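Student: first piece of the complex, coordinates kept as in the full assembly:
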Amino acid sequence: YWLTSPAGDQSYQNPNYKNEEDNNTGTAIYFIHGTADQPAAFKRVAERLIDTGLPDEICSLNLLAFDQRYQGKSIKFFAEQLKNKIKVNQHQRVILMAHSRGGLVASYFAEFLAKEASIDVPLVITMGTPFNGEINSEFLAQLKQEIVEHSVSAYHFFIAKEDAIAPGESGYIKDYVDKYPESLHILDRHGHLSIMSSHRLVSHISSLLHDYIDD
């Protein structure tokens, strides 16, 4: 955005942060893209988040592009790289916003790598992430069990209505949605394929950040 982070990722520093009576240790947001996804649209989502207004509590906004993104490579490796980049930036209490396959990566990071890395992950937001389904089905099932039962992160699945009524669970975990109804967000896409172009998305995300911050 504004500047480049130590990890090489694009970064936006919050003017609201570091204000008078600033939070002692804040929360940084990380924006992860799926494979072969345009980072510029994802920057559209972050810029619109800034336009809406970010809580003073939020440290910075980070973008997982540039150094270093591969086209093809294993899930575990990408999550390990995400953890490495978070540790290079010395961030704590990171909020993850991921798209498509990237949501798997973030979720893997949030479920195994994050605790013994001593990184808190309060919010994990996934947009069209194929949890139900290359990636193994056993791995998907074990990840879903970790998300439903043991996870300490709040998961929010953003999908399109066509995927909602589509048979099966696409972009969301039915068990988790049943446990937490407010986790599922269904967005009207009039023009395909623009889930991230909706302003309802940014509105819900900003309301999620505010809800988490007020608590």
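Tutor: All right, it came through fine. Residues are numbered from 1 along each chain as shown, chains lettered A, B, ... in the order given.

Student: the strands in chain A, which residues?
Tutor: Remark: strands of chain A, listed N- to C-terminal, are A:3-4, A:10-13, A:27-32, A:58-64, A:95-99, A:123-127, A:154-160, A:184-187; assignment by DSSP state E.

Student: which elements pack onto the second one?
Tutor: Strand A:10-13 sits against strand A:3-4, helix A:39-52, strand A:58-64, with contacts defined as 3 or more CB pairs under 8 Å, 6 or more residues apart in numbering; DSSP states H and E. Heads up, the C-betas are built off the backbone N, CA and C, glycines and all.

Student: who's in contact with that strand?
Tutor: Defining contact as CB atoms under 8 Å, 6 or more residues apart in numbering, one finds that strand A:10-13 is touched by A:1-5, A:39, A:43, A:46, A:50, A:60-63, A:65-66, A:89.

Student: list the buried residues of that strand.
Tutor: Counting neighbours by 16 or more other CB atoms under 10 Å, one finds that the buried residues in strand A:10-13 are A:10, A:11, A:12.

Student: quick check: the last one vs residue A:163, distance?
Tutor: So that's residue A:12. Residue A:12 sits 30 Å away from residue A:163, taking CB to CB, to the nearest Å as the criterion.

Student: next: the second one.
Tutor: According to CB to CB, residue A:11 stands 32 Å off from residue A:163.

Student: longest helix in chain A, please.
Tutor: In chain A, taking DSSP state H as the definition, the longest helix is helix A:199-214.

Student: how about that helix: buried residues?
Tutor: Neighbour counts using 16+ other CB under 10 Å place A:201, A:202, A:204, A:205, A:206, A:208, A:209, A:212, A:213 of helix A:199-214 among the buried residues.

Student: stretch A:56-67 now?
Tutor: Residues of stretch A:56-67 classed as buried under the neighbour-count rule (16+ other CB under 10 Å) are A:56, A:57, A:58, A:59, A:60, A:61, A:62, A:63, A:64, A:65.

Student: for the residues you listed, which one is nearest residue A:142?
Tutor: residue A:64 (23.9 Å; CB to CB).

Student: thought that closest one was touching residue A:29?
Tutor: No: here residue A:64 lies out of contact with residue A:29, judged by CB atoms under 8 Å, at a distance of 11.1 Å.

Student: burial count for residue A:170?
Tutor: Applying the criterion other CB atoms under 10 Å, we find 19 residues in the vicinity of residue A:170.

Student: that one against residue A:161, yeah?
Tutor: No: Residue A:170 is beyond contact range of residue A:161, at 11.2 Å (criterion: CB under 8 Å).

Student: skipping adjacent residues, who's closest to the most centrally placed residue in chain A in space?
Tutor: In chain A, the residue lying closest to the centroid (CA atoms, centre = their mean) is residue A:97, at 1.6 Å. With CB to CB, 6 or more residues apart in numbering as the criterion, residue A:97 has its nearest non-adjacent residue at 4.6 Å, and that residue is residue A:125.

Student: the one you found pairs with what?
Tutor: Beta bridges link residue A:125 to residue A:97, residue A:156 when assigned by DSSP bridges.

Student: can you give me the neighbour number for it?
Tutor: Each residue near residue A:125 was counted by other CB under 10 Å, and the total is 28.

Student: also, this goes in as chain B:
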Amino acid sequence: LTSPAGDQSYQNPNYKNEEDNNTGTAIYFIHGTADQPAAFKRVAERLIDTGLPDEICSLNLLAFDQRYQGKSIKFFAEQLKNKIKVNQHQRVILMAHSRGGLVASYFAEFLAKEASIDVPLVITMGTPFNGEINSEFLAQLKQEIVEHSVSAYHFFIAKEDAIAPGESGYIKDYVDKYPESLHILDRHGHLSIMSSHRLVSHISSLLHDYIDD
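Tutor: To build on what is shown above, here is chain B added in:
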């Protein structure tokens, strides 16, 4: 106010100009048996708060006399058509709830032609299309809705019903035909989908689209 049929009605204060030769598009509310009319009053009132198009004559409140426990949808639809023509209204918009939606939509498929009353919009809220009433009969109504119908159908459901397996409150074939026909509303307060303001807003913007055309 009271409508010509005797039902509870709200007249538009702006209404229309003097030289409208159209008598006027009237909105009709069909509820299932033993349902609370006051929630329907709030949804109509909220439509008024948001703003109703000047071309639309009035907001009218139907299915009223008399909710019987075991009488067929067909009887209520015949009663509805009688009440609509008592008011001589034309190109009326139907907004119906639960089994009442079947009534309205049943009316839209057979009785409306014999009345020579146009039904441009038929709006169904949590209407059990998939399922006394025959299941074969529901399938025939669904086929008539999908293929032959000339009314615009809009299905309002909650996200819980959306992700529920099967077709709940909506016809999948019609949604494939028209994606914009399906409206999924977040239901914060269980279990009253008709209560969100997002529903009534969708109705008002739908009315604006219909009036402009």
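
Student: once more on the neighbour count of residue A:170, with chain B this time?
Tutor: Other residues lying near residue A:170 total 20 when counted by other CB atoms under 10 Å in any protein chain shown.

Student: list phi and psi for it.
Tutor: The phi/psi pair for residue A:170 (degrees, to the nearest 10) reads phi -120, psi 110.

Student: give me every residue that touches it.
Tutor: The neighbours of residue A:170, taking CB atoms under 8 Å, 6 or more residues apart in numbering or on different chains as the test, are A:130, A:132, A:159, A:163, A:164.

Student: give me that answer again for 10 Å
Tutor: A:128-133, A:157, A:159-160, A:162-164, B:163 (CB atoms under 10 Å, 6 or more residues apart in numbering or on different chains).

Student: okay, now the closest residue to residue A:199 other than its chain neighbours: neighbour count?
Tutor: Leaving aside its sequence neighbours, residue A:199 sits nearest to residue A:48 (CB to CB, 6 or more residues apart in numbering or on different chains; 6.9 Å). Each residue near residue A:48 was counted by other CB under 10 Å, and the total is 18.

Student: then residue A:103?
Tutor: Neighbour count for residue A:103, taken as other CB under 10 Å: 26.

Student: so what's the closest residue to residue A:70 other than its chain neighbours up against?
Tutor: The shortest distance from residue A:70 to any residue other than its chain neighbours is 7.9 Å, reached at residue A:78 (CB to CB, 6+ apart). With contacts taken as CB under 10 Å, 6+ apart, residue A:78 has the following neighbours: A:32, A:35, A:64, A:69, A:70, A:101, A:102, A:104, A:105, A:106, A:108, A:109.

Student: for the second one, grab phi and psi.
Tutor: The one in question is residue A:35. Here the main-chain torsion angles of residue A:35 (degrees, to the nearest 10) amount to phi -60, psi 130.

Student: derive a PyMOL selection command for the buried subset of the contacts of residue A:170.
Tutor: Typed into PyMOL, the next command selects the buried ones out of the contacts of residue A:170 (criterion: 16 or more other CB atoms under 10 Å in any protein chain shown):
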select buried, (chain A and resi 128+129+130+131+157+159+160+162+163+164) or (chain B and resi 163)
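
Student: for chain A, which residues are neighbours of chain B?
Tutor: Proximity of chain A to chain B (CB under 10 Å from any CB of the partner chain) is limited to residues A:159-170, A:172, A:174, A:177-178, A:181-182, A:184-190, A:192, A:204.

Student: ok so, going back, same for the longest helix of chain A, what does it pack against?
Tutor: The contact analysis (3 or more CB pairs under 10 Å, 6 or more residues apart in numbering or on different chains; DSSP states H and E) places helix A:199-214 against strand A:27-32, helix A:39-52, strand A:58-64, strand A:95-99, strand A:123-127, strand A:154-160, strand A:184-187.

Student: what's the spacing between the residue nearest to residue A:70 and chain B?
Tutor: Residue A:78 is 29 Å from chain B, where distance means CB to the nearest CB, to the nearest Å.

Student: residue A:106 now?
Tutor: Separation of residue A:106 from chain B (CB to the nearest CB) stands at 22 Å.

Student: what's the answer for residue A:113, then?
Tutor: Using CB to the nearest CB, one gets 30 Å for the distance from residue A:113 to chain B.

Student: contacts only, for that residue.
Tutor: By CB under 10 Å, 6+ apart, the contact list for residue A:113 reads A:76, A:79, A:80, A:82, A:83, A:84, A:86, A:119, A:121.
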